[PDB]
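For neighbour counting, all protein chains shown are included, and Cβ atoms are generated from backbone atoms with ideal geometry for every residue, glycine included. What is reported rests on the model, the rules as stated and the sources as named; none is laboratory data.
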Amino acid sequence: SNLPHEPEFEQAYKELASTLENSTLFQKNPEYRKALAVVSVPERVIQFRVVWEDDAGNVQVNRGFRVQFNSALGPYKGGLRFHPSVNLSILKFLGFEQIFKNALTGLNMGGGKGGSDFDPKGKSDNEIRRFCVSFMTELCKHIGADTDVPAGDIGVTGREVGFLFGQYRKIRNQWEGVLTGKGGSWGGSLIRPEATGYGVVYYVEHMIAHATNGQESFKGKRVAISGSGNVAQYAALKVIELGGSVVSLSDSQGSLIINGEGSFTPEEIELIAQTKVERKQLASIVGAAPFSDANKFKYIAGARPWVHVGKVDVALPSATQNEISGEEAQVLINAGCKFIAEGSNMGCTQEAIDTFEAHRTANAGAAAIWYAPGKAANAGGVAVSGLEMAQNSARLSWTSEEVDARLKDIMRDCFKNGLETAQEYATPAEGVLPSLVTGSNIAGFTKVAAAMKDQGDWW
Amino acid sequence: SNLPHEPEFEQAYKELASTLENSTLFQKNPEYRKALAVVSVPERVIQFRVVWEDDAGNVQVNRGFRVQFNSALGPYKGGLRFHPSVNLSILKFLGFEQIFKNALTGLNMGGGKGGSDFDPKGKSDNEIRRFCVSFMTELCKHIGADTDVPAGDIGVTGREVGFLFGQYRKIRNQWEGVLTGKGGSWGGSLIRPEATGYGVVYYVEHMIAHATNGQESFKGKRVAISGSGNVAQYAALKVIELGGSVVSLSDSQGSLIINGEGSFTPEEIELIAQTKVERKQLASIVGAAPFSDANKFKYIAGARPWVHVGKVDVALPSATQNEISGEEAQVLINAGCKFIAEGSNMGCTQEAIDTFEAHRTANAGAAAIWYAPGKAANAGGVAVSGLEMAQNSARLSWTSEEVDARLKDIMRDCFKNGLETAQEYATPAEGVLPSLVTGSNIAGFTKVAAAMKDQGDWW
Amino acid sequence: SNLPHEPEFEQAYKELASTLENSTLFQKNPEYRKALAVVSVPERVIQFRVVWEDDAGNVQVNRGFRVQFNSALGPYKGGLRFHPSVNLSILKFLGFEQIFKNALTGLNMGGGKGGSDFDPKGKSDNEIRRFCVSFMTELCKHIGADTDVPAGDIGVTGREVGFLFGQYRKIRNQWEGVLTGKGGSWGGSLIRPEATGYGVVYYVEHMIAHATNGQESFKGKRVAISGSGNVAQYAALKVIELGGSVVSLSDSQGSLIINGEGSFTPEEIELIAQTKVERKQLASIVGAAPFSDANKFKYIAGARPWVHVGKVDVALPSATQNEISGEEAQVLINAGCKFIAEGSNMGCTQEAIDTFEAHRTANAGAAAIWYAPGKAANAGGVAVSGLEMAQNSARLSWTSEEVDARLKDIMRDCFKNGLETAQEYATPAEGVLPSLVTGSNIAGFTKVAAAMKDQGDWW
Ligand SMILES: NC(=O)c1ccc[n+]([C@@H]2O[C@H](COP(=O)([O-])OP(=O)(O)OC[C@H]3O[C@@H](n4cnc5c(N)ncnc54)[C@H](OP(=O)(O)O)[C@@H]3O)[C@@H](O)[C@H]2O)c1
Ligand SMILES: NC(=O)c1ccc[n+]([C@@H]2O[C@H](COP(=O)([O-])OP(=O)(O)OC[C@H]3O[C@@H](n4cnc5c(N)ncnc54)[C@H](OP(=O)(O)O)[C@@H]3O)[C@@H](O)[C@H]2O)c1
Ligand SMILES: NC(=O)c1ccc[n+]([C@@H]2O[C@H](COP(=O)([O-])OP(=O)(O)OC[C@H]3O[C@@H](n4cnc5c(N)ncnc54)[C@H](OP(=O)(O)O)[C@@H]3O)[C@@H](O)[C@H]2O)c1
Ligand SMILES: *OC(*)(*)(*)(=O)[C][C](*)C(*)(*)(=[N])[C@](*)([O])=O*
Ligand SMILES: *OC(*)(*)(*)(=O)[C][C](*)C(*)(*)(=[N])[C@](*)([O])=O*
Ligand SMILES: *OC(*)(*)(*)(=O)[C][C](*)C(*)(*)(=[N])[C@](*)([O])=O*
């Protein structure tokens, strides 16, 4: 062996493995232990130097990656992250999670992830273009519409997807669904920008309906969100549409919180969206209207929103991994939070998860805080990417209503699958909510493990 | 020339050619003689050594084949056979037949067939895995989703399809519809397991309705089936569903016959299915319940079912080529059999066909035994494979009801095409049933010949 | 950034960088600092899961790697290591070193390295075969005669090269010089087995001639060697041929030392070679003749040879990285050792190198211990691999005398280049031997950096 330390990956692996062990899965199918050992080593990883030219004519060097984790269920599928933290450990945690998330969508998509330690912050659009051109010059050897289909993630938006697609088409001389999150006129899907955030909210609608026996909904609930990028923006918009209140957003430098009762409006979210297109911080817009209104908004530098929002009903971490600590989880519980779903991949620390799950086991019915893992709740994005692939393969574009209806059905089925799987393999005490994390993990893992066995990846 | 003796291929060719000559086709289009000469030489054949390792560590050698017969109408399409009889002659008869069968489906599929003289009987699942891995290591150079799309046949089930698909994906680094008969979670189609047997029964429903002017159906009819694999199992299930009685199944070692009035049940077929998954003989299950009940079941070693079932209304040979002799055909006629359709490819000997066709010409209307050739009646399997290809290209999965409805429409159109083509080119005496073998052959051949001419394969 | 800890790679990088800084190179060409930053990030790295079947039928999982570090001077070139220590850090140190080593040969070869954490010890030949088959099934996508040409290294012999070549030819359907160290009848080169060890000794012949003004040679010198594989065996044979005494060999479990005056003989080396073919330890042969003769041989469990050989004139570490500690370096100096050359890649710890170099600076002429780095002294192996590539591209085989003559010329030129480059850029005090490590590093680095600039890798 002599294996390197990969803490993020180890964290994701340990949480999956623990939930599988804490169930009857390996009593019924002890041979799945072998499947777990095999699935946890990626099929392929490509790492590559990316040399690019800055606006001053200087040579810059970054590291590029694509983790092609598992392809039993379909071609490798998952986003690209451009963030200075990026390394193999991080991309492996993401790619591993992606395998099981993709399994929960019901579409034929394997799991992968890639990106670079290139930091889009402080770069010109021209610099981003030159970087994407160099990056894809190498990546295009390894991907393709029936091989590996990337998309965005942190630091990769429609702008970067465009520069990447352009360079792929130029070298490969094929116009195909090699990327998703593409633009409307060049093979994009309606609802793809909305999909992840909408899906998180759709999934939580099912959680609320089940836990409260149809008595409550998002109508009148206070929802704390973190991040202010793609997932946070559209989760906020859907909450607002359903009559809920969005009481926080955040970024890497601080939190922007609603002061008292009230909500972000669609118009305010659009202004924040335009700020983030320009790669600027929330801190840069709080000096002018409307965000300078200290009666509506409180900007807190260096803080996450969880301890500053007061009473809340729903928390949707939608920024990055490990953004809810164990302490923060306890404060959310103390604030009356009954629903927590990950928009962000591995948004909760392990301490947070353990806190939420202990609370669920100790508190009957609607009194419990119910935790839904990202692989279930944030699967709407990759699901709609699958639909974008389907549209590109049909050579036709579907309506917003058609894509959105399918997204709703996928999120419903994903919730049902996790709920019913937990009821079957990790049956809770009477009156206790089944574990959506355990259920989702078992449901995704078994589907992958069985397909791997069929295909001779293990025996 | 100096051509080798290929008896099976020569048989299939001669029967097609004879039916074309015994019609007005070459009076109207004498240039189609040229088309016949060209179509009868395969576009490409690949043969290859397959070295594989047995459970004792010993080197084993088998022969692999893929016959890519014709691609005018679409990429090459047809199954893989693993049986110790396999050779080029056999695979050419099958691939030749496949061209015209595929033409009758209305889908864009060319004709091919392949396989190996590897005998799955007596092998471990591990040995089957190692064999499929070695086999596909070579075959993957020659096939692909827009080139050649294999599937199962005798000795190749979903298990083997899985091992084959896995190895293809590993080498080719593409996840695509390169095989059909795939598993549910990795690009399979609902109704594909059922398709061939269901389709045979659907086709015969049309034969019964036409011959009897709507007065009879499968309800209350006695149906003798041979084989006990994929085609026989599902043909039996559909018969049962329509209110018919299944009075025989068989395998390579003997026949299992219903003793008197009665039928196999769905539960019994499932037990036989599980036996065949384990690659065991019917002889191995007649020593225990329910098949040890000598009042319901008679096991006859070394026999085909035809002379042992007594009176029957419908015969569906569903095992292998040349499994109804001339003598057996006469006994079926003497037993009151009025409908005979091939589930198996070239199930009837030429003597049998001649006997059935002479009887049709000598006996008006419903008094005739009506013979339907495999290229018409068993086309449901490859049709649903085409639909599996369509689903994989759409990147979506259809419902059981959707696939089954399309299968029903395809079988109806295939019957109508053969019936109407025979009425046009080989017009029977008044009151005489048109020849479905002649009609089907002309309809499939002309479609292929005309497409070949358009594409410059002949002029 | 967020880069992982890669100690071996960092060690190799730091030693190169330090020698470049401790010279006039960056005074003359400060722009080469940019070249250093670019060259130190590999062009491409492929990592992949390797699933293989053991003799009991169980699924085994190992990790495979190919580091394609630099291709300015030619296609990527360097060995494969199968050892349980293997990871990316180790393969990056090796691949980095390979760039500059290959530059010193005068042949068009870029730098790479690969392998697996698969441990050949305790495996059957059948298990090694199945592993090599699985390994190359993936690796063959990334390599080729004009792309990347691997070879052996620790744990990869002609046996493994054969299984690897066979699988490549099977999938890729090309017979070409994709590997070196091939067998005599299937594209191997005479002198390739000998090349690394012979070359180390040839290089040291030049060191001795220069330091002693032609007065001494290997004739009558005592030479301590470590390892007992390919490099150690043939270095020992060449020493013996030149009239030197070989006074030690070793393996991972202990050292086999000559007791007093005397030498290993060719016959004894052949017996050790046959033992190592069988993957057995030196410990397993000391219980029988000739190695049980305690008057000729002392086996010391758990020891390296350096402190146990007494007085020695030349040390040739030929096993593995970091196998001469700082303390061991001082004992060799105290034992009269005047020449130390690395057969093994990064054989000396940094402490050892610093000790040897301090001694050289403090002691005039022949009184100094003279250290030659592996990139200079062990380059004969990869040089003869280049010649094997040349022979395969010519489609002809050269004589032993032709290959050996070219190897001698390459080792002479490599020595001259390092010596003269050190005299130019790191001029020693009068009477002090120039630094072969500094000279070799500058000569290899500048050639690569300049070719990279020409090709637009940096500007
Ligand atoms: N996009 C998708 O379809 C999709 C699908 C499923 C899951 N996800 C997950 O959802 C999360 C958000 O992704 P996104 O697509 O919304 O990305 P995005 O548009 O780049 O937004 C990321 C947001 O999170 C913040 N953030 C990122 N890294 C951070 C760090 N290390 N510390 C603190 N804050 C950080 C950003 O702050 P700054 O504004 O300061 O840069 C920004 O507000 C990620 O975990 C992602 O993997 C995304
Ligand atoms: N599967 C398809 O979709 C498809 C489509 C169209 C036509 N067909 C045709 O349908 C027939 C049956 O195929 P299948 O898919 O059902 O195969 P299968 O599942 O392997 O079953 C074949 C059955 O036929 C018996 N059999 C095979 N070779 C024989 C021989 N040489 N002598 C006596 N009995 C033999 C087998 O006996 P044992 O059990 O003793 O092995 C078994 O009961 C074949 O002619 C095939 O080409 C198949
Ligand atoms: N082969 C080439 O052409 C070539 C060219 C240039 C440089 N090199 C370098 O030369 C050195 C030897 O390679 P080789 O081709 O001779 O390999 P080899 O035939 O496998 O022999 C390696 C020898 O070193 C010992 N060894 C390996 N790893 C060890 C460890 N971690 N600790 C202690 N002892 C260890 C082995 O002991 P066991 O017998 O106990 O296994 C064996 O005696 C390596 O540094 C290699 O990279 C090789
Ligand atoms: O492929 C995709 O659409 C990726 C979506 C995403 N960034 C995720 O699931 O983490
Ligand atoms: O391609 C297929 O689905 C083949 C079906 C079959 N075995 C046949 O038509 O003979
Ligand atoms: O490519 C080769 O011949 C590699 C030789 C070697 N193992 C080295 O230089 O480390």
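Observations
- Verdict on A:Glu194 being more than 16 Å from ligand 5 (Cβ to nearest atom) and outside the structural domain of A:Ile269 (by CATH): no
- Number of the condition not met by A:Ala405 [criteria: (1) within 14 Å of chain B (Cβ to nearest Cβ); (2) within 25 Å of A:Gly112 (Cβ to Cβ)]: (2)
- Scanning the range B:141-171 for residues that are away from chain A (no Cβ under 11 Å) and over 25 Å from B:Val231 (Cβ atoms) turns up B:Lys141, B:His142, B:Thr147, B:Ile171.
- Restricting attention to the range A:429-459 and to residues that are in a helix (DSSP H, G or I) and more than 14 Å from chain B (Cβ to nearest Cβ), the residue that is farthest from C:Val50 (Cα to Cα) turns out to be A:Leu436.
- Each residue in the range A:37-52 was checked for being part of a helix (DSSP H, G or I) and either touching a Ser or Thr at 6+ places or on another chain (Cβ under 6 Å) or within 7 Å of chain C (Cβ to nearest Cβ) (or both), and 2 pass.
- C:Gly144 vs. criteria surrounded by 18 or more Cβ atoms within 10 Å (Cβ to Cβ) and either without any contact (Cβ under 8 Å) to a residue 60 or more places away in the chain or closer than 21 Å to A:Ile46 by Cβ (or both): no
- Test for C:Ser435: is it surrounded by fewer than 24 Cβ atoms within 10 Å (Cβ to Cβ) and over 20 Å from C:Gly199 (Cβ atoms): no
- Residue within the range A:217-225 that is of a type in the set (A, V, I, L, M), buried (at least 24 other Cβ atoms within 10 Å of the Cβ) and under 25 Å from A:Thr399 (Cβ atoms) present: no
- The numbered conditions (1) free of Cβ contacts under 8 Å to residues at least 60 places away in the same chain; (2) within 16 Å of ligand 2 (Cβ to nearest atom) are all true for B:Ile225 except (1).
- Meeting the requirement of 2 or more residues that are at the interface with another protein chain (Cβ under 10 Å from one of its Cβ atoms), away from ligand 6 (no atom under 16 Å from the Cβ) and free of Cβ contacts under 8 Å to residues at least 60 places away in the same chain, the strands (runs of 3 or more DSSP E) wholly within the range A:53-140 are A:59-70.
- Residue check for B:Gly162: over 29 Å from C:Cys140 (Cβ atoms), assigned by CATH to the domain that holds B:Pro75 and either away from ligand 6 (no atom under 16 Å from the Cβ) or in a helix (DSSP H, G or I) (or both): no
- Tally of residues being under 16 Å from B:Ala379 (Cα atoms) and not hydroxyl-bearing (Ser, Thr, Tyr) across the range B:427-441: 4
- When C:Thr19 is tested against the conditions (1) over 23 Å from A:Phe65 (Cβ atoms); (2) touching a strand residue (DSSP E or B) at 6+ places or on another chain (Cβ under 7 Å), the lone failure is (2).
- Any hit, the range A:439-452, residues being under 22 Å from the mean Cα position of the chain (by Cα), free of Cβ contacts under 8 Å to residues at least 60 places away in the same chain, within 21 Å of A:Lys28 (Cα to Cα) and not assigned by CATH to the domain that holds A:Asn29: yes
- Taking the listed residues B:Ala394, B:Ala426, B:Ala390, B:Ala383, the one that is surrounded by fewer than 22 Cβ atoms within 10 Å (Cβ to Cβ), more than 20 Å from B:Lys338 (Cα to Cα), aliphatic (A, V, I, L, M) and more than 14 Å from every other protein chain (Cβ to nearest Cβ) is B:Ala426, with no other qualifying.
- Which listed residue, of B:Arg412, B:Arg360, B:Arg406, is in a helix (DSSP H, G or I), in contact (Cβ under 8 Å) with a residue 12 or more places away in the chain and over 19 Å from the mean Cα position of the chain (by Cα): B:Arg360
- Residue satisfying condition, being under 30 Å from A:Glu388 (Cα atoms) and either within 16 Å of ligand 1 (Cβ to nearest atom) or surrounded by 16 or more Cβ atoms within 10 Å (Cβ to Cβ) (or both), within set A:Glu15, A:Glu53, A:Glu43: A:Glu43
- Pairs are defined by a Cβ separation below 6 Å, a sequence spacing of at least 6 or placement on different chains, a first member in the range A:4-28 that is more than 17 Å from A:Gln98 (Cβ to Cβ), and a second member that is part of a helix (DSSP H, G or I) and aromatic (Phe, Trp, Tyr); the pairs so defined are A:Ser23/A:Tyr425; A:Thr24/A:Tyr425; A:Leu25/A:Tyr425.
- Of the criteria (1) among the polar types (S, T, N, Q); (2) more than 10 Å from chain A (Cβ to nearest Cβ); (3) more than 14 Å from B:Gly79 (Cα to Cα); (4) surrounded by fewer than 22 Cβ atoms within 10 Å (Cβ to Cβ), which one B:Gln174 fails: (2)
- Within the range A:347-386, tally of residues that are closer than 26 Å to A:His210 by Cβ and within 16 Å of ligand 4 (Cβ to nearest atom): 16
- Residues of the range C:147-159 that are surrounded by fewer than 18 Cβ atoms within 10 Å (Cβ to Cβ) and either within 10 Å of ligand 6 (Cβ to nearest atom) or in a loop (DSSP other than H, G, I, E, B) (or both): C:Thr147 alone.
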